[PDB]
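Undergrad: The structure under discussion is supplied below as structure tokens; questions concerning it will follow.
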Amino acid sequence: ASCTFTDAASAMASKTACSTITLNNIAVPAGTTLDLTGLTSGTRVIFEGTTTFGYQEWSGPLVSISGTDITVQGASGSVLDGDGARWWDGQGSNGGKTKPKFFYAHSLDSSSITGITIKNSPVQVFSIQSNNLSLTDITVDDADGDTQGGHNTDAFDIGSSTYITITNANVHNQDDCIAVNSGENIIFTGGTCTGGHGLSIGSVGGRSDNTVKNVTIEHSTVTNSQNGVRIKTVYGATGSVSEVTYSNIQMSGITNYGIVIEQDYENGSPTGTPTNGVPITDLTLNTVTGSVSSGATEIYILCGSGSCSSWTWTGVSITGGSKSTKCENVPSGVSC
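Written out as structure tokens, the structure reads:
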């Protein structure tokens with residue numbers, strides 16, 4: 519049966535009995551999840567109009583969807599508006615108000631999400647922990663967070679996932695455009711990332727899953743962001759990052775690091791001393807080009823002893839700013 523809901527309680531009560539679920543202009547109660555987990559395999563979910571959320575200090579998620587063979591779609595003009603300025607205090611997930619993560623895609627397997635627009639997320643947007651999930655034509659409009667205190671507004675956080683494909687994302691936020699904490703067979707292509715902290719592998723380490731393998735981030739643009747390309751592995755942690763390719767990345771207006779690969783990472787501040795428990799091997803950068811701002815550093819590589827090997831570095835050209843005086847353990851064929 520096809521079902522159309524204008525309230526969250528009805529949608530959650532009846533979701534399994536509906537093979538098409540249209541969610542029209544739903545105001546989700548404060549402190550609660552629009553809980554679309556456990557869907558019957560094959561179900562299509564359509565977001566129409568503007569979805570809103572009541573105010574409460576809590577950890578979220580605001581929305582969660584799970585199931586096999588699920589098709590999630592944002593109708594034309596649809597928006598999931600978190601009105602996150604109600605929470606934003608410059609502190610994000612580091613302190614201040616407790617703020618809800620937006621959209622859990624945990625075990626949304628052999629599934630797709632297309633044409634969803636998120637506006638003004640309180641904190642991180644997509645939490646991806648799935649197998650065979652594509653995210654296409656996703657828009658994260660967190661631009662208001664640049665002046666209203668947004669922080670830790672990651673667009674795509676990926677962990678314990680396989681076969682994730684993100685295509686034609688458009689993100690304006692205040693943190694990582696993508697952050698691959700762990701996963702295998704990941705593609706991010708055709709993205710535009712502005713305002714945030716770059717296209718990041720990591721942080722890797724310190725979790726149950728600390729393994730990244732076969733990730734391609736390609737044909738994408740990073741502008742007006744703290745970093746362009748970033749790999750961050752956690753200080754003193756254990757893990758593995760292998761078969762990562764950044765290819766055909768352009769950047770401009772980068773404020774801190776055009777490319778930064780560091781094995782001393784901590785959330786508060788990098789230690790400045792790398793460790794060697796998270797080896798980065800078979801890393802390819804192929805055509806990573808653009809400019810950084812005058813106060814920025816072009817390329818920064820801080821590798822531990824023996825934990826960066828077998829890299830391929832071709833067509834890398836970052837102009838502007840300054841060259842680093844701090845690079846350590848740079849692999850053969852690579853340069854700051």
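In terms of this note's numbering, the sequence shown opens at residue 519 and continues consecutively. All C-beta atoms in this analysis are idealised placements derived from N, C-alpha and C, irrespective of residue type, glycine included.
(1) Between the Cα of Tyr-783 and the Cα atoms of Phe-644, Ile-819 and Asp-627, which residue gives the shortest distance?
(2) So for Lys-533, helix, strand or coil by DSSP?
(3) Flag this pair as yes or no: are the beta carbons of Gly-808 and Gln-768 separated by less than 9 Å?
(4) Pairs of beta-carbons, one from the stretch 684-699 and one from the stretch 655-671, closer than 8 Å: are there three or more?
(5) Roughly how many angstroms separate the alpha carbons of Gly-578 and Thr-729, rounded to a whole number?
(6) What are the boundary residues of the alpha helix (DSSP H) that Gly-776 is part of?
(7) What residue range is occupied by the uninterrupted alpha helix (DSSP H) comprising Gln-666?
(8) Can you tell me which residues form a DSSP beta bridge with residue 856?
(9) Along the chain, where does the beta strand (DSSP E) containing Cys-711 start, and where does it finish?
(10) In three-state terms, what does DSSP make of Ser-809?
(11) Are the beta-carbon atoms of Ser-611 and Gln-647 separated by less than 9 Å?
(12) Give me, in chain order, the residues of the same chain whose beta-carbon lies closer than 7 Å to that of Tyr-753; leave out the 5 immediate sequence neighbours on both sides.
(13) From what residue to what residue does the beta strand (DSSP E) around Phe-706 run?
(14) Tell whether a beta-carbon distance below 9 Å holds between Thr-756 and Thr-802.
(15) Of the choices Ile-631, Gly-614, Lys-615 and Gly-613, whose alpha-carbon is the least far from that of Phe-621?
(16) Please report the straight-line C-alpha distance between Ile-636 and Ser-850, rounded to a whole angstrom.
(17) By the DSSP assignment, the beta strand (DSSP E) with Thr-739 in it spans what residues?
(18) Just the C-alpha distance for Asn-766 and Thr-799, rounded to the nearest angstrom, thanks.
(19) What distance in whole Å lies between the Cβ atoms of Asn-699 and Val-722, which are believed to be in contact at a cut-off of 8 Å?
(20) DSSP state of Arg-604, grouped into three classes?
(21) Taking all protein chains shown into account, do 16 or more other C-beta atoms lie within 10 angstroms of the C-beta of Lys-844, making it buried, or fewer, making it exposed?
(22) Name the two residues that bound the continuous beta strand (DSSP E) containing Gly-771.
(23) Measuring alpha carbon to alpha carbon, tell me which of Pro-797, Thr-589, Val-597 and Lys-619 ends up nearest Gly-560.
(24) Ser-721 lies in the beta strand (DSSP E); which residues open and close that run?
(25) By a C-beta neighbour count over all protein chains shown, 10 Å radius and 16 as the cutoff for buried, is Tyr-573 buried or exposed?
TA: Reading from the atomic positions:
(1) Put simply, of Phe-644, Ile-819 and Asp-627 the residue whose alpha carbon is nearest the alpha carbon of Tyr-783 is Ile-819.
(2) Assignment of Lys-533 by DSSP, reduced to helix, strand and coil, places it in the helix class.
(3) Cβ distance < 9 Å, so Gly-808 and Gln-768 count as in contact.
(4) With a cut-off of 8 Å, the stretch 655-671 and the stretch 684-699 count as touching, because enough Cβ pairs lie within range.
(5) Cα to Cα, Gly-578 sits roughly 26 Å from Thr-729.
(6) Note, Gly-776: premise wrong, no alpha helix (DSSP H); beta strand (DSSP E) at 775-783.
(7) 663-666 is the span of the alpha helix (DSSP H), which, as asked, contains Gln-666.
(8) With the chain covering only 519 through 854, there is no way to say anything about residue 856.
(9) If you look at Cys-711, you'll find it in the beta strand (DSSP E) that goes 710-712.
(10) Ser-809 falls in the strand class under three-state DSSP.
(11) No.
(12) So the qualifying residues of the chain are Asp-782, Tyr-783, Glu-784, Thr-789 and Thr-793.
(13) Where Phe-706 is concerned, the enclosing beta strand (DSSP E) stretches over 701-707.
(14) Between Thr-756 and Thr-802, the C-beta spacing is not below 9 Å.
(15) If we check each option's Cα against that of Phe-621, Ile-631 comes out closest.
(16) Computed Cα separation, rounded: 42 Å.
(17) Counting along the chain, the beta strand (DSSP E) containing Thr-739 begins and ends at 729-741.
(18) C-alpha separation (whole angstroms): 20 Å.
(19) 6 Å between Cβ atoms; contact.
(20) Three-state result, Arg-604: helix.
(21) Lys-844 is exposed by the Cβ-count criterion.
(22) 758-772 is the span of the beta strand (DSSP E), which, as asked, contains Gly-771.
(23) Checking every option, the nearest Cα to that of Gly-560 belongs to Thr-589.
(24) Its beta strand (DSSP E) spans residues 717-722.
(25) So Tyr-573 ends up on the exposed side.
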